[PDB]
Ligand code: CHL
Ligand code: CHL
Ligand code: CLA
Ligand code: CLA
Ligand code: CLA
Ligand SMILES: CC1=C[C@H](O)CC(C)(C)[C@H]1/C=C/C(C)=C/C=C/C(C)=C/C=C/C=C(C)/C=C/C=C(C)/C=C/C1=C(C)C[C@H](O)CC1(C)C
Ligand SMILES: CC1=C[C@H](O)CC(C)(C)[C@H]1/C=C/C(C)=C/C=C/C(C)=C/C=C/C=C(C)/C=C/C=C(C)/C=C/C1=C(C)C[C@H](O)CC1(C)C
Ligand SMILES: CC1=C[C@H](O)CC(C)(C)[C@H]1/C=C/C(C)=C/C=C/C(C)=C/C=C/C=C(C)/C=C/C=C(C)/C=C/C1=C(C)C[C@H](O)CC1(C)C
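Chains as they are written, first to last, in the entry's author numbering: chain n, 36 to 257; chain c, 113 to 212; chain s, 47 to 168; chain y, 39 to 260; chain g, 31 to 251; chain i, 1 to 35; chain w, 60 to 103.
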């Protein structure tokens, strides 16, 4: 039910072991499990700002974490589709080879060679849409800065309040899941330099000696 | 062009800003003078880029310095660097270099 | 916003004010339908009710031709650029499936799907 | 240009929306760039304002101290190649010639970094401690963020509106210089060359000699 | 001394004039150096003061645990698998195992996954009990920051004046141990040697072996 | 011998700078007329 | 060679500059006049 996550006896960051809940986090907004051991959300309006950039961070981390492995998923046995650029942390070098930036292995898709020009178009367009996000325009102006839902919600869905509560905590949990997974993505890029799916296959081959303990010697300052 | 010119001299509007604010101007409307300069300068940039299109993509213009006595040459790798272009525009106008 | 530039008694015409007087437009165009430019030189407009009757034909015609223009420019561009469209050029696309031929769908970004549908059932 | 009041310029132009209620435009450098709201409490606002200004002054000083020596090195002043590029200047004290200011043997010529840092600690600790009190020997008690007096012998802080627009000029130039300084630390980490040398190589061919030419240097290997 | 407006501060005379209005020296270790202003609210005072105390204790144990094996290997004639504090993680990957006093009778562990599992479950239970401040009546009371009972068998939780004096002693020792452990951390990176060996090498030639002799080890080229 | 060049270049830029900022410096208002 | 000559005649020297000190003093003189004019601008 709703009170399982928005009641005063809601789900917490320790279950029934969160006795010293912060007073200001009463379970009104999505999440609100009380994990504020650093106490950086003491001020109310600042807590609002941190929550808004939390949901923005969460959504763009959802895009990132999902899009990490899709080219590596579509990677074939030898790689006519993509060469060394199938890996996530080698994707940018898809602009500097002799052919161009092909989306799915063919010249018919994208096929760009001016990284500076696509940089300029990206910057102008999405800086403009950030200005629309913070002020308003064609979609809406006086709506909720975090939760507008007017032109971006065409499939119904967003009409019921307990549905709002449920699938908003579904948002915050899925976003935090992608957020944590993305940290995994960057740090496995650092400590190993190997792709996620191929690391997963190497671990499922033999979990015993293949672990991060096998790379604990790599950062040793000899 | 001549038909349009005689039309605007004879039956064209006698004063422009009462019907076309985009085309009318008092000579102290400095913002709209700057707008007119912007339009004309965009036209001149378009003409220069048209010469670019001819020199690099339409296979024209004669180079006198091709071996054997010159050739009409489609220009590949033009030198656009600021050092040479500006040094070409800020040098002496005498026989030592020649300014322009 | 800014409906006066296209609607109302004073609107954009097919000729400007110096060459076209505002009285040379026939009476049944007074600035209430979209695209009202006062360009009816022959006797096809006749009256506003017949204008409304041809409006449905004109709008569906415009939308159909808009779909036709997009579906002409896209598959031939894909064929010329390298996509396996197998008949992207628009006025030979029917000649592909006569004896045992087929078609291919390039539905971006995950296209390249071989269609086994025969022409009679299609 | 009405740098104060409600009609002040903002941090996104017309698309900025509503500036925060706790920032109404009393202080220089005001544009409403408060996405995370670090400055909710006025005491915290004051501490961050002092930190920003001290960093602005230090960034301006570092900007000239990072541009001038390599300019003189390429303009006939006999700097060593070691000390011409700023991040290696501290290594010049380890050489037999010592630290030669402007390439002069009988100028500075320091060889004891231990004593140099010791006198540096003493002098700057005294200076910053006198800054912290607001009272110094011979200096009365006044504004700690804007002392003037002995620090303004020219007397340009006497007139109010010119003093305010000069405050705006100072904070904006400081922000520009701190962009520059963070950029110089970025080229120092990435390029390993001086910033003026980076601009010089960028002017040879701006198509390829830009930031995109170094995107594949820090990529990890398995 | 260390309490009230005549307490010691973070700059001595240089801090006599300007201090935050919200730092009165009530809490131990208060010298009033919050010049960044990251702590304006009492709620974050409570939470982040608890953060400071737990970091103080944990850095003290880290400092006592880093120098002990190297100070037992040198000047004491005791052998181990690997005496270096930041190289003691890799010593488990040899055939020897996890050795306590140079002898295979003690511990002799070779299952890092199992011992990490028991560490994480024990630590999770203990830390949840810490954050709970007790549960179901069992220690479900007390200070949650200064426990005393069930953790002070020596009976030094009484006489609050000298108790607070030793409390300030504790927070000062914790900050000094934070220095010591941070120094161990960065000396592991800029040099890659043991701190005891570093101290021993520095004593022979303090003019040559300093921080500046390794100041060019991270220059970019 | 380049010292002569430096001196004359300095004085030429000085006179030219006087000209440039003199006519930049609100020159059309230096008139007795009502303008 | 029998004499020391400037040897900069021609060669495409921008503004006739052959050594950096001359460009630096040109910029210095123009900046000096500019600073005088700017600080003494608005008549007063
Ligand atoms: C430097 C060389 C360069 C070259 C050779 C190409 C070549 C190409 N690029 Mg490009 N590009 C290049 C640089 C760059 N591109 C881009 C960004 C893009 C994008 C974003 C796209 C391309 C695409 C294309 C292709 C367009 C041809 C086509 O499909 O025609 C036939 C098609 C047309 C003539 C028009 C089709 C328009 C399309 C939007 C139709 C949509 C129809 C729907 C009904 C829309 C309905 C929406 C709403 C209203 C309901 C083509 C192979 C397209 C591609 O790969 O498509 C698969 C594409 O989408 N480029 C950038 C960044 C600014 C570049 C920078 O240098
Ligand atoms: C969040 C955005 C983002 C991230 C994380 C990356 C990451 C990367 N890009 Mg990249 N890019 C990003 C955006 C963009 N890139 C490009 C264009 C290119 C090109 C042209 C190339 C790359 C390449 C690379 C890789 C360089 C190798 C390396 O070790 O780098 C440093 C990365 C690490 C040490 C790993 C850890 C990353 C982690 C610290 C990042 C997360 C925090 C960041 C500070 C981001 C903060 C937000 C803002 C500033 C982006 C790398 C993994 C190169 C490549 O693929 O080479 C094989 C390459 O050639 N990018 C564009 C323009 C379209 C971008 C636009 O947004
Ligand atoms: C930068 C991302 C980010 C940001 C801005 C926030 C922000 C917020 N979180 Mg959240 N959280 C995140 C990531 C983030 N979180 C992730 C990935 C998880 C999954 C582990 C969680 C799980 C979580 C829970 C369970 C709860 C919150 C809550 C909150 C709110 C109050 C707590 C707070 O203010 O702490 C301050 C946060 C910051 C100052 C910014 C975080 C960035 C830090 C400083 C850098 C990285 C930290 C650390 C090094 C990461 C590495 C460790 C990793 C293995 C986890 C607040 C608006 C509480 C709430 O009330 O819900 C609304 C709540 O109980 N979060
Ligand atoms: C261009 C940057 C800039 C600007 C616009 C200002 C502007 C101002 N400062 Mg300031 N300052 C700066 C940089 C700047 N400062 C730097 C880098 C430092 C660190 C050394 C300081 C340290 C400082 C202190 C301690 C104080 C001020 C004060 C003031 C205010 C009154 C003084 C005044 O008007 O003199 C005129 C300002 C100018 C004419 C602009 C400066 C341009 C000079 C000529 C360039 C110098 C560069 C040159 C190569 C020398 C190298 C620097 C060297 C001295 C280290 C005023 C609004 C006083 C105040 O707070 O007001 C009450 C005061 O107490 N400043
Ligand atoms: C992570 C360890 C840690 C923590 C949690 C604290 C926490 C606290 N300190 Mg403390 N401090 C520390 C380390 C720490 N300190 C160290 C190592 C020193 C010696 C330099 C000091 C010296 C000190 C003094 C003199 C005082 C405090 C005070 C305080 C309290 C005031 C709130 C505040 O400081 O705002 C918020 C603080 C932060 C948000 C800190 C963020 C940390 C970032 C990462 C900056 C890192 C800086 C970098 C590592 C510096 C290099 C180390 C260098 C000094 C050698 C607070 C509870 C005041 C007090 O009254 O005591 C009760 C006070 O007077 N501290
Ligand atoms: C709350 C709290 C409380 C307590 O007490 C204290 C503390 C500790 C403070 C806390 C916590 C915190 C945290 C956890 C944080 C975290 C964060 C994160 C996660 C980040 C990341 C983050 C991350 C992220 C976003 C990421 C993202 C990603 C992305 C976009 C990607 C993109 C991409 C793609 C698609 C692909 C291609 O090829 C490339 C690119 C283009 C690049
Ligand atoms: C506002 C806000 C709000 C929102 O909301 C959020 C956020 C985002 C957080 C924000 C932002 C922030 C930022 C950006 C910051 C930054 C700053 C800086 C950059 C600084 C620097 C700053 C900088 C600086 C000081 C610098 C300095 C420098 C120096 C000293 C140098 C020195 C030197 C020299 C001379 C030379 C030699 O050879 C070397 C040396 C000796 C070394
Ligand atoms: C206080 C007082 C009072 C009394 O009474 C009077 C007096 C004496 C006047 C005074 C003093 C003052 C002062 C000290 C001043 C200073 C200033 C400055 C330093 C500025 C800078 C300023 C500076 C600055 C902005 C800087 C900037 C820089 C930059 C942009 C850079 C850029 C870049 C980069 C990124 C990189 C590349 O590779 C190159 C480039 C491209 C080039």
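Note that beta-carbon positions come from the ideal geometry of N, C-alpha and C, so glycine has one too.
Original post:
Between the region 127 to 143 of chain s and chain n, which residues of the former have a C-beta closer than 7 Å to a C-beta of the latter?
Top reply: 127, 128, 129
Original post:
Between which two residues does the alpha helix (DSSP H) carrying residue 160 of chain s extend?
Top reply: Here residue 160 of chain s refers to the residue found at position 114 of the third chain. From DSSP, residue 160 of chain s is part of no alpha helix (DSSP H) but of the beta strand (DSSP E) over 159 to 161.
Original post:
Can you find a heavy atom of ligand 3 that lies under 8 Å from the Cβ of residue 207 of chain n?
Top reply: For this step, residue 207 of chain n is matched to residue 172 along the first chain. Under cutoff, so the answer is yes.
Original post:
Where are the alpha helix (DSSP H) runs, 4 residues long or more, that stay fully inside the region 149 to 195 of chain c, in chain order?
Top reply: none
Subject >> Helix, strand or coil at residue 177 of chain y according to DSSP, with G and I counted as helix >> reply: On the fourth chain, residue 177 of chain y is found 139 positions in, with the first residue counted as 1. The answer is strand: DSSP assigns residue 177 of chain y an E or B state.
Subject >> Residues in the region 90 to 121 of chain n having any Cβ partner in chain s nearer than 8 Å >> reply: none
**OP:** Leaving aside the five residues before and after residue 232 of chain y along the sequence, list all residues of the same chain whose C-beta is less than 6 Å from its C-beta, in chain order.
**Re:** Here residue 232 of chain y refers to the residue found at position 194 of the fourth chain. Excluding positions up to five away in sequence, the list reads 108, 123.
**OP:** Kindly indicate which three-state DSSP category residue 147 of chain y falls into: helix, strand or coil?
**Re:** The residue labelled residue 147 of chain y in the question sits at position 109 within the fourth chain. Coil, per DSSP.
**OP:** Answer with yes or no whether the minimum CB distance from residue 136 of chain n to chain s is below 9 Å.
**Re:** Taking the first residue of the first chain as 1, we reach residue 136 of chain n at position 101. It does not: the Cβ of residue 136 of chain n has no partner Cβ on chain s nearer than 9 Å.
Subject >> Cβ-heavy atom distance, residue 209 of chain g to ligand 5, below 8 Å >> reply: Along the fifth chain, one-based indexing puts residue 209 of chain g at 179. Because some heavy atom of ligand 5 lies under 8 Å away, the Cβ of residue 209 of chain g counts as near it: yes.
Original post:
Does the beta-carbon distance from residue 144 of chain y to residue 47 of chain g come in below 9 Å?
Top reply: To locate residue 144 of chain y, count along the fourth chain from 1; it is residue 106. To locate residue 47 of chain g, count along the fifth chain from 1; it is residue 17. Not in contact: residue 144 of chain y and residue 47 of chain g (Cβ atoms no closer than 9 Å).
Subject >> Residue burial classification, residue 116 of chain g (beta-carbon count within 10 angstroms, cutoff 16) >> reply: Here residue 116 of chain g refers to the residue found at position 86 when the fifth chain is read from its first residue. So residue 116 of chain g ends up on the buried side.
**OP:** For residue 193 of chain c, return the contacting residues in chain y, with the cut-off set at a CB-CB distance below 9 Å.
**Re:** As a working note, residue 193 of chain c is residue 81 in the second chain. Ordered by position in chain y, the residues that pass the 9 Å Cβ test against residue 193 of chain c are 241, 242, 243, 244.
Original post:
Which residues in the same chain have their Cβ closer than 6 Å to the Cβ of residue 111 of chain g, if we skip the five residues on either side of it in sequence?
Top reply: Within the fifth chain, numbered from 1, the residue matching residue 111 of chain g stands at position 81. So the qualifying residues of the chain are 121, 126, 129.
Original post:
Does residue 105 of chain g have its Cβ less than 9 Å from a Cβ in chain n?
Top reply: Reading the fifth chain from its first residue, position 75 is the one you call residue 105 of chain g. Residue 105 of chain g does not count as touching chain n.
Subject >> residue 167 of chain n: first and last residue of the uninterrupted alpha helix (DSSP H) it sits in >> reply: Within the first chain, residue 167 of chain n is the residue found at index 132, counting from 1. Unbroken alpha helix (DSSP H) run through residue 167 of chain n: 150 to 169.
Original post:
Can you tell me the Cα-Cα spacing of residue 98 of chain s and residue 70 of chain s, whole angstroms?
Top reply: Reading the third chain from its first residue, position 52 is the one you call residue 98 of chain s. Reading the third chain from its first residue, position 24 is the one you call residue 70 of chain s. Whole-angstrom Cα-Cα distance: 21 Å.
Subject >> Residues near ligand 2, criterion Cβ-heavy atom distance below 7 Å >> reply: n/124, n/125, n/126, n/127, n/128, n/130, n/131, n/150, n/153, n/154, n/157, n/221, n/224, n/225, y/250, y/253, y/254, y/256, y/257, y/258
**OP:** Using a Cβ cut-off of 8 Å, pull out every chain y residue sitting near residue 245 of chain g, in sequence order please.
**Re:** As a first step, residue 245 of chain g must be located in the fifth chain, where it is residue number 215. Those within 8 Å of residue 245 of chain g in chain y are 128, 129.
Subject >> residue 46 of chain g at chain y interface by Cβ criterion, 9 Å >> reply: Here residue 46 of chain g is taken as the residue at index 16 of the fifth chain, counted from 1. Output row for residue 46 of chain g: interface = yes.
**OP:** Can you check DSSP and say which residues form a bridge with residue 151 of chain s?
**Re:** Within the third chain, residue 151 of chain s is the residue found at index 105, counting from 1. DSSP, once it has assigned bridges, lists s/159 as partnering residue 151 of chain s.
**OP:** Could you spell out where the beta strand (DSSP E) holding residue 147 of chain n opens and where it closes?
**Re:** The residue labelled residue 147 of chain n in the question sits at position 112 within the first chain. Taken as a continuous stretch (DSSP letters only), the beta strand (DSSP E) holding residue 147 of chain n covers 145 to 147.
Original post:
So is residue 98 of chain w in contact with chain i if we call contact Cβ pairs under 9 Å?
Top reply: Your numbering for residue 98 of chain w matches position 39 in the seventh chain. Answer no: the Cβ-Cβ gap between residue 98 of chain w and chain i never drops below 9 Å.
**OP:** Starting from residue 42 of chain g, trace the alpha helix (DSSP H) both ways and give me its first and last residue.
**Re:** Start at 1 with the first residue of the fifth chain, and residue 42 of chain g comes out as number 12. Note, residue 42 of chain g: premise wrong, no alpha helix (DSSP H); not H, not E.
Original post:
Does DSSP put residue 127 of chain s in a helix, a strand or coil?
Top reply: Start at 1 with the first residue of the third chain, and residue 127 of chain s comes out as number 81. Helix at residue 127 of chain s.
Original post:
Among c/150, c/180, c/185, c/176, which residue has its Cα nearest to the Cα of residue 166 of chain c?
Top reply: Here residue 166 of chain c refers to the residue found at position 54 when the second chain is read from its first residue. Comparing Cα-Cα distances from residue 166 of chain c to each of c/150, c/180, c/185, c/176, the minimum goes to c/185.
**OP:** Please compile the residues from chain g whose C-beta is within a distance smaller than 7 Å of the C-beta of residue 250 of chain n.
**Re:** Residue 250 of chain n sits at position 215 when you count from the first residue of the first chain. Here the premise fails: no neighbours, minimum Cβ distance about 11 Å.
Original post:
Does the Cβ of residue 234 of chain y have 16 or more other Cβ atoms within 10 Å, making it buried, or fewer, making it exposed?
Top reply: The residue labelled residue 234 of chain y in the question sits at position 196 within the fourth chain. The residue in question, residue 234 of chain y, is buried, as its Cβ has 16 or more Cβ neighbours within 10 Å.
Original post:
Between the region 70 to 84 of chain g and the region 197 to 209 of chain y, do at least 3 Cβ pairs fall closer than 8 Å?
Top reply: no
Original post:
Would the region 150 to 161 of chain n and the region 131 to 147 of chain s be scored as touching if the rule is three or more Cβ pairs under 8 Å?
Top reply: no
Original post:
Which full runs of the beta strand (DSSP E) of 3+ residues lie inside the region 45 to 112 of chain n, going along the chain?
Top reply: none
Subject >> Nonlocal neighbours in the same chain, by C-beta distance under 8 Å from residue 61 of chain n, ignoring five residues either side >> reply: Here residue 61 of chain n corresponds to residue number 26 of the first chain, with the count starting at 1. Closer than 8 Å at Cβ, skipping near neighbours: 43, 67.
Original post:
Any heavy atom of ligand 7 closer than 8 Å to the CB of residue 125 of chain y?
Top reply: Your numbering for residue 125 of chain y matches position 87 in the fourth chain. Because some heavy atom of ligand 7 lies under 8 Å away, the Cβ of residue 125 of chain y counts as near it: yes.
Original post:
Going by the CB atoms, is the gap between residue 110 of chain s and residue 122 of chain s shorter than 9 Å?
Top reply: Translated into the one-based positions of the third chain, residue 122 of chain s becomes position 76. Translated into the one-based positions of the third chain, residue 110 of chain s becomes position 64. Not in contact: residue 122 of chain s and residue 110 of chain s (Cβ atoms no closer than 9 Å).
Original post:
Going by C-alpha distance, which of n/251, n/219, n/54, n/238 is nearest residue 96 of chain n?
Top reply: Here residue 96 of chain n refers to the residue found at position 61 when the first chain is read from its first residue. Of n/251, n/219, n/54, n/238, the residue nearest in Cα terms is n/219.
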